[PDB]
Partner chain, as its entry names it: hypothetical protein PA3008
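First, one chain by itself in structure tokens, the form deposited without its partner chain.
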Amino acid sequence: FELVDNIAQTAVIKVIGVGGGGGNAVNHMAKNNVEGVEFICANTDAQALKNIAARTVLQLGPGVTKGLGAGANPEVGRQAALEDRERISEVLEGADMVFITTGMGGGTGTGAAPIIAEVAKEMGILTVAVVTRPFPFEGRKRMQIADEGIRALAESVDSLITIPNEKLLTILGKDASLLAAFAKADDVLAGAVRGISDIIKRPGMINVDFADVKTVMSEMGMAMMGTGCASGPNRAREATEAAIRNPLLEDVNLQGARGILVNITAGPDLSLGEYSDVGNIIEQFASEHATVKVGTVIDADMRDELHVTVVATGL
């Protein structure tokens, strides 16, 4: 309750997007409602890094690729990354937590991300990776590489949030279309990152800190998440139902999650009343052993709506 942690709200959070898709997702975040974090784009494609939101960029494998980017080849991404080990670390120093975000299935992102996680993880930084999985319409070829990297990535991250791009279609449905599909991806990834950092950076009346997060998140590996967003007299219960009922949490057995982290983002009116509801609903779907951390986020530039965001760790 009363006693807060060592480096609570103060935690220096960096967010790095690897490869193309990643850069896109990141640059989206910048030009959006994602504050308290330092953005960074890291691509082997020197070209891509030209003129982008994030004020910190890192070109990988200058030698290996010559600013031409690992032609969808993971190995080239991994090689370019190892070449830049030093540079990677220089960019990471001072971070309490790092967000490696990227679209798996490509070359830069796929092969480079695991290395970067490896670095940070060594520096003793809370390493969380938020990555997508090719849309069905991307070919088994690409979908094959994704699993591949994800397997490797998992080996060196405190936690790994997978996002089955398929599900995004589920949602979209009618308006499903390349533009929207990837735009949606961008958005969801932003949610995942914003989802957690906001809990640390923009606390509400009841708050969770870095110590709380470190717990449910440190070396848990393999996570999934889902969002809900209601409003009106029962925005609480509703927004929560919607969260669990989120497709992105369709085939997930919360009873299994060793750790569950929750985020309630609402106006200055978010009463303790609701908070209780949010947690009660959760406490049922969770395994009595599971360690559940529920926190509040405060947002003014938002009204009656109350968005809940759950994250199942140590799956």
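Note that the rigid core is defined as the largest set of C-alphas that superpose within 1.5 Å between two forms. Only residues modelled in both forms are compared. Numbering follows the first chain given and starts at 1.
Missing here is the form deposited with its partner chain bound; even so, the following discussion is about that form.
Participant: Wondering, does residue 79 line up within 4.5 Å of its partner chain in the entry with it bound on heavy atoms?
Facilitator: Result no; residue 79 lies far from its partner chain in the entry with it bound.
Participant: Though only this chain appears here, would residue 270 touch its partner chain in the entry with it bound if you measure heavy atom gaps against 4.5 Å?
Facilitator: Heavy-atom contact with its partner chain at 4.5 Å: present for residue 270.
Participant: I'd like to know if residue 227 sits close to its partner chain in the entry with it bound, meaning any non-hydrogen atom pair within 4.5 angstroms.
Facilitator: No - in the entry with it bound, heavy atoms of residue 227 and its partner chain never come within 4.5 Å of each other.
Participant: Using heavy atoms and a 4.5 Å limit, would one call residue 207 a contact residue for its partner chain in the entry with it bound?
Facilitator: Yes, residue 207 lies within 4.5 Å of its partner chain in the entry with it bound.
Participant: Determine which one of 108-116, 153-161, 196-204, 239-247 lies within 4.5 Å of its partner chain in the entry with it bound, judging by heavy atom distances; exactly one does.
Facilitator: Contact-bearing stretch, as computed: 196-204.
Participant: Should the three residues 275, 298 and 303 be counted as contacting its partner chain in the entry with it bound, with contact defined as a heavy atom within 4.5 Å for each?
Facilitator: The answer is yes: all three residues contact the partner (heavy atom, 4.5 Å cut-off).
Participant: Tell me, with the core superposed, which single residue in 183, 172, 211, 205 has its C-alpha moved by at least 2 Å between the shown form and the other one.
Facilitator: The only residue crossing the 2 Å threshold is 205.
Participant: Following rigid core alignment, is the displacement of the residue 302 C-alpha between the shown form and the other one equal to or greater than 2 angstroms?
Facilitator: Moves: yes, 2 Å or greater.
Participant: Among residues found in both forms, what runs of at least 3 in a row have Cα shifts of 2 Å or more between the shown form and the other one after core fitting?
Facilitator: Runs moving 2 Å or more: 205-207, 300-302.
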